[PDB]
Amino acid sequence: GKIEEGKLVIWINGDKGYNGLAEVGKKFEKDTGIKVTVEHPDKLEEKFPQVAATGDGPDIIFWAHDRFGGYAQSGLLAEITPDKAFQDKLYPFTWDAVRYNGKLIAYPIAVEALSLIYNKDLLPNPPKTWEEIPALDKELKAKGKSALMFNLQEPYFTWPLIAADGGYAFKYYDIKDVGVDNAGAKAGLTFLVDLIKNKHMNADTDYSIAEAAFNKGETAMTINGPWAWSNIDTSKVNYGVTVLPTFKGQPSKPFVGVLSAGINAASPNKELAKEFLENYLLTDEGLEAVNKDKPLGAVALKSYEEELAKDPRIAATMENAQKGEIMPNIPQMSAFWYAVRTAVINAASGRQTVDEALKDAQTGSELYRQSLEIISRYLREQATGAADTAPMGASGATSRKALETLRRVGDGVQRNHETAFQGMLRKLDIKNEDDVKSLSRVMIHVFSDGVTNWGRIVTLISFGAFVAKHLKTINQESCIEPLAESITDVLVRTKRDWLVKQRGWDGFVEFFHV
């Protein structure tokens, strides 16, 4: 392979205690004589799938658990196999966060939730509601201070307000039912936008700016997680950590993350990685070394959490976590976050209205499942000759009309391209599940080139139907669903922006109408 044998390379995000983690690596190195290297690459969560796909990258990847389902689905993670005794050392619900399709795909490290952090010298009694913050900012501005600054560039930080009055990601998971465009989400984001319009916040505020402002005593409040407490300690700001404000009488609902460590499927060092994670890091001493660098939050290791739990900052973290919800770990989470990130930034800046911004995020978040519903149904009915009688469910009008349109347009495409498809198939030689995998790379290569239009998309899906018919004929009907998922994957990740701009499959229906 490409990853070196007999050594460990670990990647972790730059806002975490990577120096403390390096200490743990040194202790492992001292015992074993085996080199451990801790790195904190930029855009880590995007770099890992890029390099791991080629069979390269680190032996161990750290991130919140929401990204790991996508990694596992893409074949990038090893199943982990802790023995019963080790599993019993960590809280069951932390294991639940890293279970994907019935398998454990990472070691859980710690539970993270955003809290309200406030400067007790400026604001001894922090607001219980978001609604009182405009007036509070006016009081503070007279003193040369501001009420609240937090990172507006990452949707993680604005999510608790969006979800407060009823916004949600995926309905508990139906990846076709998304709640980012409902009345509650709209209310939450509008309030944020109004704060900006009324000069109580600045749309350009990012993590570094908000952190510097709070730690310099310029703003009374910020929103952040336990990793941020170390830098505040150093600043000597007199701070407290408490429950997030309510919105319209409802608790803010942070998305709860479990910091987790996965093992690269391509690593020749899986046993070394196991040893390091189970017997060095996930121990009282290992977590303490990391926690002393940047606080982890409520750790997954029971023995050590019983100590941390006595910390009021940790109690506050858990209180907020209990009002929030554990993030899904499904593969669509990345698309969801990118969609909502764009919506918040565009609404904040005025590039889009709140309504249009959240509409696009809805469409972006539902795109994979909506597309899969259509493509899967088309391929299966083409292969078998009979339609699926199951109700379409959520956004059923769109799915149904898109499928109707696809049948009508696809009929001609398959008829006209029949000879071309026969030739393509003979060259590719798709005979089983392994072949459909290889087919993906070919498609991502050819489909990326040239002007995008609905005609070309129908041709891609029509070839899919042609291949599905073939798979059925040679008694490989089980390969049709992974074929549909592969085509959907290619479509959605090469044409995402285009598709959202067309308003997804609604654009498709309108384009070919009558």
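For clarity, a rigid core is taken as the largest C-alpha set superposing within 1.5 Å between two forms. Numbering starts at 1 and follows the sequence shown.
Segment of greater CA departure in 9 other deposited structures of this protein, 176 to 184 or 342 to 350, core superposed = Taking the RMS over all superposed structures in 9 other deposited structures of this protein, 176 to 184 lies farther out.
query = With the rigid core as the fit anchor, does 89 to 97 or 419 to 427 show bigger C-alpha shifts in 9 other deposited structures of this protein?
reply = Stretch with the higher C-alpha RMS distance in 9 other deposited structures of this protein: 419 to 427.
ask   = Count of coordinate-less deposited residues separating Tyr172 and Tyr173, as none, 1 to 3, 4 to 9, or 10 or more?
value = Going from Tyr172 to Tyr173, the model skips 4 to 9 residues of the deposited sequence.
request  = Look over 109 to 117 and 236 to 244 in the entry and identify the one with the greater average Cα temperature factor.
outcome  = The stretch with the larger mean CA B-factor is 236 to 244.
message = Please compare 307 to 315 with 186 to 194 and say which has the higher mean C-alpha temperature factor in the record.
response = Taking the mean C-alpha B-factor of 307 to 315 and of 186 to 194, the larger value falls to 307 to 315.
inquiry  = Using only the C-alpha B-factors in the record, can you name which of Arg441, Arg407, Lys253, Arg377 has the highest?
reply    = Result of the comparison over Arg441, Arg407, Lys253, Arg377: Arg441.
request  = By the entry's C-alpha temperature factors, tell me which of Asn346, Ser208, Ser267, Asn224 sits highest.
outcome  = Most elevated C-alpha B-factor of the set, per the entry: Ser267.
key: Modelled-residue ranking by C-alpha temperature factor, third containing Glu373   = Middle third - that is where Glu373 ends up once the chain's C-alpha B-factors are sorted.
inquiry  = For the chain shown, is the CA B-factor of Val180 in the lowest, middle or highest third of its modelled residues?
reply    = Middle third by C-alpha B-factor.
message = What third of the chain does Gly464 rank in for C-alpha temperature factor, lowest, middle or highest?
response = For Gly464, the deposited C-alpha B-factor lands in the lowest third.
request  = Just say lowest, middle or highest third for the CA B-factor of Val299 relative to the other modelled residues in its chain.
outcome  = Bottom third by C-alpha B-factor.
query = Thinking about Cα B factors across the chain, which third does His470 belong to?
reply = It falls in the middle third of the chain.
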